[PDB]
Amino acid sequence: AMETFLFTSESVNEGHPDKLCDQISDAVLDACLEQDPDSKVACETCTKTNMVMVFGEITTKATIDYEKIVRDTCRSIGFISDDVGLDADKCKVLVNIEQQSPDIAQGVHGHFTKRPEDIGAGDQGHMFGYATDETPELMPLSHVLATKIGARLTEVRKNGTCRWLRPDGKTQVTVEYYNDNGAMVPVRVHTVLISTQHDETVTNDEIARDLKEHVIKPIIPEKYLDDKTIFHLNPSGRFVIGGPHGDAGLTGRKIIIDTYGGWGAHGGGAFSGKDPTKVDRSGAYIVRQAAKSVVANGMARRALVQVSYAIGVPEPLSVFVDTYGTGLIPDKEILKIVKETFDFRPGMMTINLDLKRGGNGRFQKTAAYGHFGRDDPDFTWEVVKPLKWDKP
């Protein structure tokens, strides 16, 4: 028998209270950038029963309505009554937003005077990019399936297929994998879990039926489902209270759901609410582009890339490439090609990925359903770069 192992990833949909915060933070960023592309934004959000607070550091020429951005974001997600766990028109909106520290501003951007090539990293830290040939979008299947199931769970609520749904939901997929000389080859889906908020009109048997038929079966390729696949469907047995009423939310508390579902690696930095001088976001986006380009150019079946920075220093402190033994040329050669092709300086990454463009929900769209593996053209870091190499 084939040797296999089990790997699990989860997701949450746009109504989860932490994801609500990510989306509000990015809605604030979008609003700032639409009026002032040079906005310095570090917008955190938190939420609990009938309360949202936006807090952090914004230096902008924009005139912003923080309250309206909060209410508008809540409304689009479906938080329009106390019965669904937050009412956009009732909740108290608190604001604690100040200009960026002048001590940070002078060292990072010289108070809006540094040229792009001289812009310092907005902070220290490290960031990883990952790609794998196991799906067409070059993302891990466990992550892709959990994420797409959660997006479908939102879609069947909004389109009237499952009218009993409420906004807050989570998903989890256990994939049975084969290791093919370091490449990951999915075999089957071992376990699928959904926990979704619901109204008082639906039985648990109806929830289970409707989740399997309307949400799971449309998303998981048939070749990965069999009679042994385990289903956990609303295992708590009651999920009527939800949203911020059921669970406090914060920005940047879904960073593995935002990235690779536990595959690759994570350096710890959150994405939402941050302008592109924050290398947590621009640097993670460029190393996704790099890892994805290595795999898409056929140089490897899987790739991991690390970059690291120091506040106020344009050039990265370190870069790493690992192909898990799948590279067709040595990893040191791939590192050389990556370092010749990608400009890791933040002012450069910002321009090369058009990251000062907000509005029409540019960043808000990234703040649910993952930052990576998305074909929307606003996800500029998913565009593959041609790499110069001699295929042996």
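A residue's number is simply how far along the shown sequence it sits, counting from 1.
- For residue 157, the fraction of other compared entries lacking coordinates, among those that model flanking residues, is zero, nowhere near a third.
- Omission of residue 247 is seen in none of the other entries compared for this protein where the adjacent residues are built, far below a third.
- 219 to 227 and 153 to 161 differ in mean CA B-factor, and the higher of the two is recorded for 219 to 227.
- When the C-alpha B-factors of 176 to 184 and 251 to 259 are averaged, 176 to 184 comes out higher.
- If you compare the C-alpha temperature factors of 146, 290, 84, 194 in the entry, 84 comes out highest.
- Annotation for 127, 80, 304, 141: 80 ranks highest, by Cα B-factor.
- In the deposited entry, the Cα temperature factor of residue 362 places it in the lowest third of its chain's modelled residues.
- When all modelled residues of the chain are sorted by CA temperature factor, residue 167 is found within the middle third.
- Sorting the modelled residues of the chain by their CA temperature factor places residue 60 in the middle third.
- Sort the modelled residues of the chain by CA B factor and residue 329 lands in the highest third.
- Ranked within its chain, residue 267 lands in the middle third, by CA B factor from the PDB record.
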